[PDB]
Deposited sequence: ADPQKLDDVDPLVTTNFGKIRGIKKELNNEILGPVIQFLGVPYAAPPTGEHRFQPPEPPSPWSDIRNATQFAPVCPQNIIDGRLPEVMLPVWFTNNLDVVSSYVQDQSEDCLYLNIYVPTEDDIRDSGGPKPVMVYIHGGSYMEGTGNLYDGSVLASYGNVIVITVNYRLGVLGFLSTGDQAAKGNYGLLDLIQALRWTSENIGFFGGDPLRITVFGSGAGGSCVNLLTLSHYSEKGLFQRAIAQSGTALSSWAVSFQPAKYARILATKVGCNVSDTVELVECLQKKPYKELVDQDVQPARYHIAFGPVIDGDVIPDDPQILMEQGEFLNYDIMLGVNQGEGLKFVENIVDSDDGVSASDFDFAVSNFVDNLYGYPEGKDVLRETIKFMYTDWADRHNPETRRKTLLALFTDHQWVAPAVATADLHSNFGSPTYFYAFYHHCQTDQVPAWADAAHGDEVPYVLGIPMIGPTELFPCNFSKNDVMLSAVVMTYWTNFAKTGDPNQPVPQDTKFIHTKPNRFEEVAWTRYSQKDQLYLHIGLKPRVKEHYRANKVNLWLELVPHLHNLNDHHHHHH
């Protein structure tokens, strides 16, 4: 009978055996309230502490998830993890039970104080749940406590009128409240509040970075951050026109009045289902509801905050996957796995126009970008065209921003580590020609290969996948334990790996803007330098110069 007494009352967890003969069991505390329900007058308001209870509260099953709709095709596939979009039937079972009363977290405890890794999920800020990420294997394997969190999503978590009526960022404030709850109560579970690492993939990674830029993350709250395939600098990390979308939403539900306070009060009267089901489309590659620059939680544009080093110095780990942008080209690839020269020019031109605006003069940007992403040493290959087009989207939305983020963190003294993920397990839902796509590193970080194929992750993981997952978890948990991916657990070959550990002699060197060393995570691992340096510098150095040659405007 796993009982723990927290500052709010006694809680009962549940022991769970893992589907691996080597891994020990864990104790799970599911559906733990970390804040009061954000309902009634508390909708569109910062989270309040949870109410205490006098008996023993059971935490043996997941609590309802935050309101969302993932079955009507409103989800931006180019932004969400492929494992999620390709397995909607299973994902749906995890979010079938919903409620506005959804501020709960899950704790996985292995059977001195242990490091705590807090996972922040996120695809587009509109959907998901930490419940989708089983932290059992990571906890048991790395001997760390793993926590998954549910924070307010979409409209309920991010609506903002651009003024005092609704300041936005409720979902981020929930994450901060979950971190405060953890800091104050995890010791009761055997956790170390002085060694808290927050990690997340995709929009979850964006959340991680945004938290490091907020003064609400007081010194000492958490110590390290791991942002996988997600930054605060991408076009879809922040909502820059919140008021516009708040009013479009209001108009659709019959609440669009002149006064913003009355508008919000009206929205607070609506059944949450009504707000969630409306179709509010943002510009392509951008978001409608999400983090906003309120001047308080998020003090200014993240780019400015980063350039000016407006963040505490956490230990930082970040990276990207070889082929993040799969969904960007998957639909235009012909039956021969190739992309035509015409589809290529069309795709590149439209992407540039949406991100940089239409030129009011003679174009130079589109012409230059098409030239740069054309393999002149093999310009006739339709498959190579597919590859370079995919690389363009990957470089622009993930690689460039990640490098810009790494450069600034190291420049300002944050111990930084960078990785490029070049491995994955292909399911029957992904093209045979595809490389690791957005979200593909998640199963490895969570140790799914160690417990075999699951409903959520059905790929038939190989022994090499198990070995690689073990390697990744060792680096990730070493980082959680010391802020150094190499300490204290060496990369050795043990029965758990099932195959020789190919990283035995690979020390993950710290990243610096000068050498830019990074870990190439794959079956042929090694530390390399200047990840895709040519394309990264094209986007960060040359393009801005060319962009300023003309006046541009959007629509």
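Next on the checklist: Going by C-alpha coordinates, which parts of the deposited sequence are missing from this model?
Outcome noted: No coordinates exist for the deposited residues in 1-9, 121-128, 573-574, so these stretches are absent from the model.
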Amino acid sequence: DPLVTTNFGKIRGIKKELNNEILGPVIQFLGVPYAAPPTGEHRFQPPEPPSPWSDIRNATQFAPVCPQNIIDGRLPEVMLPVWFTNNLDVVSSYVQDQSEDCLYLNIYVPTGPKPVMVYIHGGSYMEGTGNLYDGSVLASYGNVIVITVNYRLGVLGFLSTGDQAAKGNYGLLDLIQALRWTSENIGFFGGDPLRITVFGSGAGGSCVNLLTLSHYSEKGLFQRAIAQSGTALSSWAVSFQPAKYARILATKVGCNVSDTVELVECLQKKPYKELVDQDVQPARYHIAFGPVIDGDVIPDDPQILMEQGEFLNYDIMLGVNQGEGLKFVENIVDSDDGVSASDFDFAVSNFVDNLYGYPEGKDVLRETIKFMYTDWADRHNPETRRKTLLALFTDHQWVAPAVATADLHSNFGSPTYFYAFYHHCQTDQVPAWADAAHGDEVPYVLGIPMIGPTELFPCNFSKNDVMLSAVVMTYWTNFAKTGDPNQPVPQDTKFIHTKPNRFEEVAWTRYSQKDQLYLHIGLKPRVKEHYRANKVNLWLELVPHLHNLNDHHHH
From here on, numbers count along this sequence of modelled residues.
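Checklist entry - Taking the recorded C-alpha temperature factors, which stretch has the higher mean, 247-255 or 184-192? => result Taking the mean C-alpha B-factor of 247-255 and of 184-192, the larger value falls to 247-255.
Item to check | Per the entry, higher mean C-alpha B factor between 272-280 and 224-232 | outcome: The entry gives the higher C-alpha B-factor average to 272-280.
Checklist entry - Highest CA temperature factor in the entry: which of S201, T416, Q177, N460? => result Result of the comparison over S201, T416, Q177, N460: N460.
Item to check | Criterion, highest CA B-factor; candidates, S206, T405, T384, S160 | outcome: That would be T384, according to the entry.
Item to check | Cα B factor band for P443 (lowest, middle or highest third within the chain) | outcome: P443: CA B-factor falls in the middle third of its chain.
Item to check | Ranked against its chain, the third holding the CA B-factor of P38 | outcome: For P38, whose C-alpha B-factor we compare with every modelled residue in the chain, the answer is the lowest third.
Item to check | Third of the chain, ranked by Cα B-factor, where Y314 sits | outcome: Middle third - that is where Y314 ends up once the chain's C-alpha B-factors are sorted.
Checklist entry - If you rank the chain by CA B-factor, which third does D353 end up in: lowest, middle or highest? => result It belongs to the highest third of the chain when residues are ordered by C-alpha B-factor.
Item to check | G142 CA temperature factor, ranked by third within the chain | outcome: It belongs to the middle third of the chain when residues are ordered by C-alpha B-factor.
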